[PDB]
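Novice: Below are the structure tokens for one structure; questions will follow.
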There are 10 protein chains.
Amino acid sequence: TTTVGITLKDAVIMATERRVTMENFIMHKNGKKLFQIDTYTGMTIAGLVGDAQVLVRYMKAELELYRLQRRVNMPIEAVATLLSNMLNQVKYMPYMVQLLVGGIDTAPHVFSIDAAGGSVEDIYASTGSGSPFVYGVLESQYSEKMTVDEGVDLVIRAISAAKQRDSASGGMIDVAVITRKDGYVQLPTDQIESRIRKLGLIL
Amino acid sequence: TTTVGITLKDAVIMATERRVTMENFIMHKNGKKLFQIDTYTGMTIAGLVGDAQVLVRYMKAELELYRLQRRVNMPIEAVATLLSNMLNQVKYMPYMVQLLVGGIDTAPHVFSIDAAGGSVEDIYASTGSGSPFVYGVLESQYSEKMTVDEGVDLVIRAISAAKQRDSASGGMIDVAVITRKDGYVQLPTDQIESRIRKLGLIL
Amino acid sequence: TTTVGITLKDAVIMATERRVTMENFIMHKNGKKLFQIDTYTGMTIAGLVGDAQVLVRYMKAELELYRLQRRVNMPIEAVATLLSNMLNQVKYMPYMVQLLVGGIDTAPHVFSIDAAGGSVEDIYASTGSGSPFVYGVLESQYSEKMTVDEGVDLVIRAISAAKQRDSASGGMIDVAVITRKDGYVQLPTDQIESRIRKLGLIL
Amino acid sequence: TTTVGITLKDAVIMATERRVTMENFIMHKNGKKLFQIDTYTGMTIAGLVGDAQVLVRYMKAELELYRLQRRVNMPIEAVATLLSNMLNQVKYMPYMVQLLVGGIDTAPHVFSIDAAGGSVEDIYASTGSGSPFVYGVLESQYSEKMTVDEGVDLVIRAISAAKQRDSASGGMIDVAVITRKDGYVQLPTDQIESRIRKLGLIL
Amino acid sequence: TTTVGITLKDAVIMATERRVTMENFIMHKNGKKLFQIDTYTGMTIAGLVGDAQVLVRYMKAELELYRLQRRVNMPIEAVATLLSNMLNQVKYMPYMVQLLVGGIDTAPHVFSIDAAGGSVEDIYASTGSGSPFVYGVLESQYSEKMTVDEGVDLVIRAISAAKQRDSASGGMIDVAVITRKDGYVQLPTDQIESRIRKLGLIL
Amino acid sequence: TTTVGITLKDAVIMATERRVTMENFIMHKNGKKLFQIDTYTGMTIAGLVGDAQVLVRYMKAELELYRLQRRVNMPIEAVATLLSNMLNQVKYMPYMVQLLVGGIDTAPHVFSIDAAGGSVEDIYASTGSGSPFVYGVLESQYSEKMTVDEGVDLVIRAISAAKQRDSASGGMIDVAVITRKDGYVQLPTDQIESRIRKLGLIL
Amino acid sequence: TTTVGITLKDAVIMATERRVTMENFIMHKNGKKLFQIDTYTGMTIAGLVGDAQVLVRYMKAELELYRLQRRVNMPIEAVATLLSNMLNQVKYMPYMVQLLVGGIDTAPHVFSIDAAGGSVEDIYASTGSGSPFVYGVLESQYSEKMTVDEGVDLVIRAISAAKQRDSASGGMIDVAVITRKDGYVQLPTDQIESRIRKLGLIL
Amino acid sequence: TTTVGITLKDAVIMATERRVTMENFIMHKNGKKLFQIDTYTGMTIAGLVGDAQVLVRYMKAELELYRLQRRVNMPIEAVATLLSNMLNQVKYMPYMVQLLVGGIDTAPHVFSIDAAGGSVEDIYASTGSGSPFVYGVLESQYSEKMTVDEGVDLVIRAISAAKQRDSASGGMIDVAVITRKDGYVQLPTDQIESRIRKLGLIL
Amino acid sequence: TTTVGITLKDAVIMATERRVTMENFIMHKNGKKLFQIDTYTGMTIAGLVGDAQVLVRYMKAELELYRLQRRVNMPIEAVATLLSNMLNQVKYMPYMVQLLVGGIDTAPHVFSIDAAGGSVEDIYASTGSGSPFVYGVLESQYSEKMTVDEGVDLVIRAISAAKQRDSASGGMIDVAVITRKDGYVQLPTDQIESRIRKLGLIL
Amino acid sequence: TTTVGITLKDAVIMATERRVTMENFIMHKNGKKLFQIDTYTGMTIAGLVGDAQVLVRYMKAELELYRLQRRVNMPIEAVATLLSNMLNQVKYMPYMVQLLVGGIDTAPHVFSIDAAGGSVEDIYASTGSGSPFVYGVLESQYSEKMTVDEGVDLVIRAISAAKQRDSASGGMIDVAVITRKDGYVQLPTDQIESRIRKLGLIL
């Protein structure tokens with residue numbers, strides 16, 4: 001699996017690929033690993049699919065509830081703190097996952113949460129077996145000053161590189177942009193494919 | 001075991017074979033691995049027989065109840081989400097199974113669920129020891145544009161191939177077609193055998 | 001890895017893909033897994049690369065020597081018997097490989113040898129992590145009566161299927177045809193790619 | 001694997017099936033498990049294929065040599081005693097096999113040798129995963145007074161039963177009759193198939 | 001232990017032997033392994049004696065209760081489904097047993113249940129260490145068209161074979177015939193012994 | 001296995017049964033466990049068949065050689081001392097056997113040797129899984145003043161008892177009497193059977 | 001430990017010896033292993049002393065209570081069924097014992113119960129480390145037609161044999177006879193000693 | 001550690017960093033991991049320092065010897081084949097290393113050799129804990145059409161990325177360029193530092 | 001990680017670095033390890049991030065509550081005693097952390113608490129993988145008579161040394177000064193950087 | 001243990017402490033860990049005392065021999081290369097040591113060698129349990145431009161720090177200075193003690 005989340009001045013870009021393996025056996029080429037979980041919040045999942053999928057549903061429920069009760073969206077750091085507490089509560093029988101939580105409140109944020117509830121904020125983050133390859137691309141090519149279009153291209157490149165070198169990663173690249181203005185928009189497939197061609201790439 | 005579920009434009013085809021082994025010892029040649037669990041829903045089971053059989057009964061019960069309470073059938077994705085929650089709830093003392101759930105609601109669907117509750121939708125899926133051989137046949141020969149008759153032939157071929165190379169698979173091939181028009185129809189044995197002959201095959 | 005060897009009336013076709021992984025990490029996309037080892041003999045390798053590569057060199061050496069000493073090529077069954085003895089001699093400190101040996105003497109032959117020296121002749125055989133998918137395609141689609149052109153297409157399909165579902169397999173498909181008339185000919189890349197297009201496929 | 005060897009008044013009938021598995025994966029449907037090793041001597045193999053195949057070759061060599069040196073064939077009990085010594089010599093790094101040795105010297109004989117060199121003579125014997133099923137058929141149906149035709153039918157039945165209940169057994173049934181008069185004759189396939197039909201059976 | 005249950009057109013025959021061992025030590029030659037548990041229902045037990053004996057008592061109690069509460073006997077499939085649920089409920093602290101359940105409702109039935117609650121119906125079934133030998137005899141000799149007398153003979157033969165080759169099996173053969181007409185009748189010892197003589201056998 | 005050796009005033013009686021098991025599976029009902037190894041010397045074997053059979057052959061060879069070289073038979077205590085040295089030499093890679101050695105030199109003797117080369121003389125001794133049952137019979141019923149006919153009856157009883165309670169023991173009882181006057185005489189089967197009837201017994 | 005229980009036409013004889021060891025260390029030479037637990041019921045204990053002694057007390061209590069509540073003694077088979085249920089209830093934290101339960105209701109009975117609650121009835125039974133020796137003596141010497149005096153002599157002999165060959169057995173032999181006429185009578189020491197002399201024996 | 005080797009049209013660029021750690025403890029900041037081993041050949045080392053350093057010395061010695069004996073430099077593929085044989089010879093007591101071998105013969109080459117002797121040629125390759133990060137950068141940024149200056153920049157970037165994300169990597173970046181024209185030239189530190197500034201980077 | 005806490009006459013200085021690693025993989029370069037937890041109290045964290053972060057939140061909550069309830073701040077020794085009790089309560093399922101707690105009540109204090117609840121006061125203390133390097137610097141360079149400016153410089157040096165030799169440590173140095181006069185003041189980044197330059201250092 | 005070796009412009013300073021422990025038990029307070037091994041060469045030892053002491057003797061012997069044979073001292077890098085080869089030769093049965101080798105040839109040098117033969121040159125190095133504390137002091141306080149007197153003071157400080165925090169270090173500090181002008185001079189105890197006072201320190 002490869003997931004990535006980056007922040008720019010007023011945006012958050014999150015992307016994943018879609019491969020699901022049982023060992024070397026590619027059982028599903030189009031699983032879903034990027035989810036909207038609130039108006040301006042997205043989550044990526046890596047690790048044990050069952051544990052991840054349960055957590056996706058809990059977060060959808062818990063944030064929808066919070067928003068009705070409070071009439072404001074949960075702060076992104078509050079979402080991360082909630083996951084932090086849930087995962088740590090069960091550390092000795094853990095959710096075997098790596099989570100990225102990204103969104104906009106008064107500012108853009110990306111948080112990376114591990115299976116023991118450790119949560120750290122960062123300007124960018126990647127998770128899954130393909131993440132080291134993404135970290136390479138991002139160290140070399142990421143700028144804070146990037147435009148949203150430049151960011152979408154950057155993540156497409158990072159995940160394309162990870163797909164080329166991690167057999168546990170593959171399938172269509174899946175991208176969401178999160179802005180105050182339009183909210184959580186999942187880019188359409190035409191558009192992603194189009195940029196894969198314009199950048200000169202594959203899968 | 002070999003089970004398979006495929007989707008076509010307005011149909012779902014599900015098939016299994018019937019062998020039950022304790023190690024190399026073929027104890028039963030005609031066990032049942034394909035079950036109707038709702039008006040337009042079917043389930044295939046692989047893995048520990050006892051765990052599977054319990055789950056078949058639960059799902060029959062839980063979907064019948066739902067239907068009476070809601071006056072609509074459970075959405076196929078809802079059935080998968082239910083199984084997802086149930087299996088994950090007990091992940092450390094798991095149901096040692098692989099499940100396929102297929103059916104029609106507003107569209108055709110096939111879902112594959114694992115022993116930790118991970119559920120992924122796909123245009124086709126196979127489970128059991130014989131599944132890799134089925135995946136071979138399907139990669140080469142499946143078309144979205146296939147007719148129901150072509151689909152039935154395709155699954156018969158896939159399962160026949162798996163029977164030839166997986167000693168844990170064998171016995172009569174067992175096929176169900178699910179359409180909005182006729183519901184869950186289990187094909188009769190005359191008819192399956194007839195196509196085994198017309199395609200030129202064995203067991 | 002995926003390798004395959006098939007026999008037709010007066011020919012042997014052998015093919016592989018080229019991916020080399022250390023776990024999930026795709027380190028090389030164009031390793032070589034198909035080798036000519038005599039005038040009418042080819043070998044495919046799967047398993048530990050170092051052990052395989054040593055064995056390739058030994059066989060080249062041992063068959064060249066034999067041929068000069070005997071003024072006839074080693075019978076294909078003799079090549080298999082030699083490997084059988086070598087691998088079994090060291091079974092407790094084994095060459096961790098699966099070998100296919102194919103060629104023409106008075107008739108076409110394909111032999112499959114394992115890490116303990118077990119050698120079995122067969123009309124077709126496949127090795128490596130992707131082999132079960134190939135076995136699917138071959139069970140469904142192989143005919144003894146196939147022409148060489150049909151055979152080449154068949155193996156391309158089988159390996160393509162395996163590439164789609166085995167993350168340990170990937171890269172350019174690599175094909176050799178062995179006949180009494182032209183000997184061991186390795187098909188050129190233009191030609192393989194051409195048929196990948198004509199059959200409608202990918203990687 | 002299923003092998004059997006029976007004795008009648010002036011004959012020895014030996015049979016096997018031909019399936020070769022790596023776990024549940026049927027890699028070869030026509031391996032060879034019955035071999036002539038002297039003028040009036042046959043051997044069946046079960047267990048690790050590499051170890052068995054090496055032993056077949058050693059026995060062929062050692063008995064051909066003995067016969068030239070002595071101008072008489074090795075007594076069947078001498079063959080068994082030789083295997084006994086060889087296998088026991090290497091008991092802590094054993095040949096992981098079960099062997100049946102059958103033949104005629106001054107009388108018919110069947111010997112069963114294990115991986116530690118234990119050798120016992122018996123009026124009939126079976127080896128491999130399918131052997132318990134054969135022992136069932138033979139206990140119920142074997143007579144000392146049987147004719148060679150009756151014996152050939154009996155072993156076909158025994159192996160057919162084992163094939164039906166041992167997934168590690170399958171493929172064509174392979175029969176050799178050993179008489180003073182004609183020596184070691186391997187029955188042709190037409191003839192075996194013919195009796196499968198006449199007895200009303202399958203694979 | 002060896003138990004067997006077969007079905008004929010309007011009958012069920014169930015038989016066991018009576019040996020109880022602690023390892024190689026034959027502690028009891030006449031234990032009981034065949035029990036009537038309802039008017040037209042019988043059960044055989046194999047595995048841990050304590051667990052089996054407890055289950056025999058539960059089933060007697062539960063079916064007697066059911067019958068009084070419903071005024072009809074529990075369907076044979078219902079008895080198997082009940083056992084299925086019970087055994088699976090406690091799969092991680094299991095009843096270490098193999099059960100056969102046979103009887104007549106609207107038709108004859110035999111069910112085989114394992115220690116994890118897996119239950120499968122079949123035209124015949126055998127359980128215990130001696131079962132593979134029985135499966136040999138039955139594969140070769142069982143007909144659907146057999147008469148009750150022929151059936152009784154067949155099971156006597158099957159168990160006699162198993163007694164000859166399984167040291168964990170021995171003692172008097174014990175037979176029950178279940179018909180709508182006479183109910184569960186346990187054949188007398190005179191009669192079984194008589195047929196052992198007429199068929200020419202031992203223990 | 002059950003073997004026994006007893007001494008009387010001018011005689012040694014040695015007996016065994018003939019069952020050979022692989023676990024609970026009775027593979028051979030008439031193996032041989034009593035052997036003449038010199039003019040007035042016999043040996044019984046229990047434990048791993050391969051190791052025993054090799055030792056039988058060595059002792060035959062070594063005692064035949066000794067006798068030619070010395071022109072006297074090896075003293076019975078010498079035979080035990082030789083075995084003692086051989087077995088102890090290889091104690092860390094042992095012959096996994098229990099041996100009884102019995103014979104006449106200037107007096108009758110029975111020696112019991114274990115897998116580490118410990119050898120102890122005794123007026124009687126038993127070996128194998130059935131030995132404790134023999135020791136019961138002998139403690140109760142053995143007299144030093146018994147006649148050879150009484151001795152033969154005693155051992156038949158002891159081994160019959162052991163056969164009844166040790167599933168690892170069974171088959172025809174096999175008896176040898178060793179006197180200065182007639183040497184090592186193996187009793188014939190008619191005669192043993194005859195006494196089994198006269199004493200009122202079974203197998 | 002050695003305990004025995006035999007049945008005769010209208011009697012039950014039960015006996016034990018009295019040695020208590022911690023490993024090879026004989027800590028007590030006169031422990032008690034035979035107990036009256038009802039008017040016509042006795043129990044022998046083998047295994048862990050603590051567990052056995054607790055069970056003796058429970059059975060005394062539970063049978064005294066039953067008798068007052070029902071005004072009839074618990075049937076001997078009921079006592080065995082009660083122990084069966086108690087021991088099986090705690091099979092994973094078991095009473096590490098072997099129990100014999102003997103007595104008269106409408107007929108004599110002996111039952112043998114193990115640590116998992118398995119209970120089997122038999123005409124005779126023995127328990128403890130010395131039981132195989134007893135089983136030898138009983139197989140050879142027990143008759144159904146024995147008189148009480150003959151029975152008492154037989155059990156003294158059996159336990160004497162066991163004492164001679166099982167270092168975990170020793171001490172005074174302790175005998176109870178149970179009849180309808182005189183109830184549970186424990187034979188006096190003078191009398192047992194007397195018969196030890198008259199039979200010609202030791203300890 | 002991070003090492004990298006790339007090929008361009010008439011050049012090979014090889015680079016490493018210099019950190020040596022014992023676990024998390026940075027013991028040396030300037031170890032050497034890039035060595036000239038022939039006129040137009042270089043080697044990088046990763047893995048156990050001791051093993052690597054020994055191999056560097058062997059290769060220097062063996063290639064210097066070869067060159068004097070042949071009067072031509074060892075072909076780069078020959079150097080890789082030599083290492084292949086050496087490392088595989090001792091696979092069960094291995095050199096715990098990853099090697100890159102790069103150079104010019106009639107063309108440029110880079111080979112990657114592992115601890116079991118597996119050697120694969122490639123247009124680029126990276127080794128050590130930091131290699132995945134390098135593989136990211138190279139996938140995204142490497143062109144075959146790059147000039148030597150562009151290449152030098154590319155490897156500086158790749159290693160700088162790896163230094164940023166692999167704590168096992170750090171220290172001065174060390175670069176060698178290999179051309180037919182100037183041979184193996186190790187770039188000076190001024191020049192590397194200069195480009196680190198011009199590209200805008202750190203350590 | 002490297003954290004340090006020192007005491008001076010009327011001040012406490014606490015510092016950390018910010019690196020977060022998963023093994024050798026630097027996932028985050030600016031995590032937070034120094035937190036204000038009361039008006040005059042600070043806490044540093046080392047060990048498992050999840051466990052630490054939970055404890056930070058608990059202490060913030062528990063000390064805010066205490067302060068409102070008592071109208072005084074919790075004594076620093078009280079905070080350490082509270083942590084001591086909490087961590088020891090769960091010693092067998094521990095918070096896998098090392099904590100420093102520093103502050104002013106009537107005097108300055110630094111306490112070091114371990115994962116089993118052991119708490120010790122000291123004039124200075126360091127925690128994390130880089131602590132031994134800090135202890136070196138402090139032993140050599142710390143004076144009780146240091147001024148706050150000298151203290152700040154000392155800790156910057158200590159942590160810079162640790163960063164140079166512990167790959168688990170890195171990132172911006174983070175410093176807080178705690179006085180009665182100004183409370184807990186976190187120094188600004190300009191100022192820390194400024195001193196790094198003035199002292200002549202790096203990262 | 002704590003040893004250190006530093007280089008200055010024309011000098012090498014090496015120092016150790018003298019404590020020898022078996023676990024927590026201080027058996028010797030004045031062991032020797034610094035040795036002259038050639039005219040301008042010194043060695044420090046840490047790790048298993050036996051292994052270290054043997055190596056000291058070998059190096060004295062081997063360098064004395066080399067010097068007589070070559071008439072020049074072994075280059076310091078040659079000494080490190082020799083130890084490298086010796087230690088690596090026996091890596092699987094290793095000398096469990098850490099060695100520092102320091103000296104002057106055409107320039108000053110310090111080398112650090114590990115138990116697997118890895119040798120790295122450095123401007124300074126420390127070994128033993130107390131080395132991390134030394135590395136702290138040296139990172140903060142070492143200058144290339146130091147004078148010999150300043151160096152001697154620096155190492156006294158570093159080892160004093162280590163003594164204060166590593167219970168495995170203690171005893172008199174032991175210092176050698178190596179120059180071209182005066183050779184290897186071991187500083188006298190008066191002088192070291194004197195500087196301990198002048199710097200204001202302890203043990």
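The chains in the structure tokens are called A, B, ... from first to last as shown; in each chain the residues are counted from 1, and the ligands are counted from 1 in the order shown.
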Show me, as JSON, numbers by chain, the residues that have an atom within 6 Å of residue J:169 when counting only C-alpha atoms, minus same-chain residues fewer than 4 positions from it.
Specialist: {"J": [1, 19, 163]}
Novice: Just want the 9 Å neighbourhood of residue D:165, counted on only C-alpha atoms, with same-chain residues fewer than 3 positions away dropped. Output as an NGL selection string.
Specialist: (:B and (21 or 24-29)) or (:D and (130 or 133 or 160-162 or 168-169)) or (:E and (132 or 135-136 or 139))
Novice: Let me see the file: selected residues, N, CA and C atoms, as a compact mmCIF listing (two decimals), in the first residue's frame.
Specialist:
# COMPACT_ATOMS: atom_id res chain seq x y z
N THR B 21 -12.56 -32.00 2.51
CA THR B 21 -11.42 -32.84 2.89
C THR B 21 -11.03 -32.60 4.35
N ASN B 24 -5.60 -34.66 3.26
CA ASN B 24 -5.64 -35.31 1.95
C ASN B 24 -6.86 -36.21 1.82
N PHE B 25 -7.55 -36.45 2.92
CA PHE B 25 -8.64 -37.44 3.00
C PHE B 25 -9.96 -36.83 2.54
N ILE B 26 -10.44 -37.24 1.36
CA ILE B 26 -11.70 -36.75 0.81
C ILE B 26 -12.86 -37.40 1.55
N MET B 27 -13.40 -36.74 2.58
CA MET B 27 -14.48 -37.34 3.38
C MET B 27 -15.86 -37.22 2.77
N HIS B 28 -16.10 -36.11 2.07
CA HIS B 28 -17.34 -35.88 1.39
C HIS B 28 -17.10 -35.30 0.03
N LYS B 29 -17.73 -35.90 -0.99
CA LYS B 29 -17.68 -35.41 -2.35
C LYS B 29 -18.81 -34.41 -2.72
N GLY D 130 -2.51 -42.96 0.22
CA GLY D 130 -3.74 -43.68 -0.12
C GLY D 130 -3.77 -45.12 0.37
N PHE D 133 -6.75 -46.97 2.33
CA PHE D 133 -7.93 -47.28 1.56
C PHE D 133 -7.69 -48.56 0.81
N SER D 160 -8.36 -47.38 -7.36
CA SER D 160 -9.50 -46.51 -7.71
C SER D 160 -10.22 -45.98 -6.50
N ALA D 161 -10.34 -46.82 -5.48
CA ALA D 161 -10.89 -46.43 -4.20
C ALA D 161 -9.99 -45.39 -3.53
N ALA D 162 -8.68 -45.65 -3.48
CA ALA D 162 -7.72 -44.71 -2.89
C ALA D 162 -7.78 -43.36 -3.61
N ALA D 168 -4.18 -36.73 -2.47
CA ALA D 168 -2.77 -36.85 -2.85
C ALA D 168 -2.56 -37.96 -3.88
N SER D 169 -3.60 -38.72 -4.17
CA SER D 169 -3.57 -39.76 -5.21
C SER D 169 -4.47 -39.42 -6.40
N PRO E 132 -10.52 -45.02 7.41
CA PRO E 132 -10.05 -45.09 6.04
C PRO E 132 -10.23 -46.48 5.45
N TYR E 135 -13.75 -46.83 4.39
CA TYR E 135 -13.99 -46.09 3.16
C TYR E 135 -13.51 -46.86 1.93
N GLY E 136 -12.44 -47.63 2.08
CA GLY E 136 -12.02 -48.56 1.03
C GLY E 136 -13.12 -49.55 0.66
N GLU E 139 -16.27 -47.84 -0.83
CA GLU E 139 -16.09 -47.39 -2.21
C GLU E 139 -16.21 -48.56 -3.18
Novice: Quick one: everything within 10 Å of stretch 51-57 of chain I, counting only C-alpha atoms, minus sequence neighbours fewer than 6 positions away in the same chain. Send it as a compact mmCIF listing (two decimals) with C-alpha atoms, in the first residue's frame.
Specialist:
# COMPACT_ATOMS: atom_id res chain seq x y z
CA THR A 81 -6.47 13.16 19.31
CA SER A 84 -4.84 8.60 19.38
CA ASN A 85 -6.95 7.74 22.46
CA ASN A 88 -3.80 3.50 22.51
CA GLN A 89 -6.70 2.26 24.68
CA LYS A 91 -2.55 -1.13 22.33
CA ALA A 116 -0.23 2.40 19.44
CA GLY A 117 -1.96 5.78 19.12
CA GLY A 118 1.14 7.87 18.48
CA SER A 119 0.00 10.91 16.46
CA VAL A 120 2.37 13.51 14.94
CA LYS I 32 6.99 17.71 20.08
CA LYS I 33 8.58 16.28 23.21
CA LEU I 34 8.44 19.23 25.66
CA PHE I 35 5.11 20.36 27.08
CA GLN I 36 3.86 22.85 29.62
CA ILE I 37 1.60 21.00 32.00
CA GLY I 42 6.97 21.19 32.33
CA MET I 43 7.21 17.61 31.13
CA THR I 44 9.45 15.89 28.57
CA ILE I 45 8.59 12.56 26.97
CA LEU I 83 2.88 9.74 37.91
CA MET I 86 -0.23 5.79 37.85
CA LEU I 87 2.64 4.06 36.09
CA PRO I 94 3.02 -0.43 31.27
CA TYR I 95 3.26 2.98 29.71
CA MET I 96 6.51 2.36 27.84
CA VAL I 97 7.97 5.78 28.58
CA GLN I 98 10.61 7.78 30.41
CA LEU I 99 9.35 11.08 31.80
Novice: Which residues are close to residue A:4, i.e. within 7 Å by only C-alpha atoms, leaving aside same-chain residues fewer than 4 positions away? Reply as a PyMOL selection string.
Specialist: chain A and resi 14-16+125-127
Novice: For C-alpha atoms, I'd like the residues from the last selection saved as a PDB file, in the first residue's frame.
Specialist:
ATOM      1  CA  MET A  14      -4.336  13.187  -0.144  1.00  0.00           C
ATOM      2  CA  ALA A  15      -3.753  10.226  -2.437  1.00  0.00           C
ATOM      3  CA  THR A  16      -3.532   6.423  -2.407  1.00  0.00           C
ATOM      4  CA  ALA A 125       3.467  12.267   5.461  1.00  0.00           C
ATOM      5  CA  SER A 126       3.238   8.862   3.722  1.00  0.00           C
ATOM      6  CA  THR A 127       2.204   5.418   4.917  1.00  0.00           C
TER       7      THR A 127
END
Novice: Could you please write out, as an MDAnalysis selection string, every residue of chain H that DSSP assigns to helix (DSSP H, G or I)?
Specialist: chainID H and resid 49:70 76:89 131:141 148:165 189:199
Novice: Show which residues sit within 9 Å of residue B:63, as number ranges by chain. Count only C-alpha atoms, and ignore same-chain residues fewer than 5 positions away.
Specialist: B: 37-38, 58, 68, 73-74, 79
Novice: Those residues you just picked out, can you put them in a file as an mmCIF file, in the first residue's frame with C-alpha atoms?
Specialist:
data_model
loop_
_atom_site.group_PDB
_atom_site.id
_atom_site.type_symbol
_atom_site.label_atom_id
_atom_site.label_comp_id
_atom_site.auth_asym_id
_atom_site.auth_seq_id
_atom_site.Cartn_x
_atom_site.Cartn_y
_atom_site.Cartn_z
ATOM 1 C CA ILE B 37 -29.424 -15.971 1.798
ATOM 2 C CA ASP B 38 -32.026 -13.462 0.517
ATOM 3 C CA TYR B 58 -26.879 -16.257 10.922
ATOM 4 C CA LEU B 68 -39.596 -8.042 7.447
ATOM 5 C CA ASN B 73 -34.093 -6.336 1.063
ATOM 6 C CA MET B 74 -30.795 -5.453 2.678
ATOM 7 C CA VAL B 79 -24.768 -7.385 3.891
#
Novice: Find, counting only C-alpha atoms, the residue in E:147, E:167, E:112, E:186 that gets nearest to chain F.
Specialist: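 Closest to chain F of all the choices is E:167.
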Novice: Find the residues around residue B:39 up to 7 Å (only C-alpha atoms counted), leave out those fewer than 2 positions away in its own chain, and share them as a PyMOL selection string.
Specialist: chain B and resi 41+183-184
Novice: With a distance cut-off of 6 Å and only C-alpha atoms, select the neighbouring residues of residue G:177, excluding the residue or stretch itself and same-chain residues fewer than 4 positions from it, and output the selection as a PyMOL selection string.
Specialist: chain G and resi 12-13+184-185
Novice: Please, could you write that set of residues out with N, CA, C and O atoms as a compact mmCIF listing (two decimals), in the first residue's frame?
Specialist:
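What landed in again29.txt:
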# COMPACT_ATOMS: atom_id res chain seq x y z
N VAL G 12 -18.45 -58.28 44.37
CA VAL G 12 -17.44 -57.43 43.80
C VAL G 12 -16.27 -57.47 44.77
O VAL G 12 -16.46 -57.36 45.99
N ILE G 13 -15.06 -57.68 44.25
CA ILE G 13 -13.85 -57.65 45.07
C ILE G 13 -13.01 -56.50 44.56
O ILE G 13 -12.86 -56.34 43.36
N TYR G 184 -20.49 -54.06 52.20
CA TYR G 184 -19.09 -53.78 51.97
C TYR G 184 -18.38 -54.29 53.21
O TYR G 184 -18.54 -53.71 54.28
N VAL G 185 -17.62 -55.37 53.09
CA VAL G 185 -16.79 -55.83 54.19
C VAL G 185 -15.34 -55.68 53.78
O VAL G 185 -14.94 -56.19 52.73
Novice: Can you list, as a list in words, all residues belonging to stretch 164-201 of chain F that DSSP tags as strand (DSSP E or B)?
Specialist: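 In stretch 164-201 of chain F, DSSP puts these residues in strand (DSSP E or B): residues 166, 174, 175, 176, 177, 178, 179, 183, 184, 185 and 186 of chain F.
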Novice: What is the atom CA of residue G:46-atom CA of residue G:187 distance in Å, reported with one decimal?
Specialist: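 It comes out at 20.6 Å.
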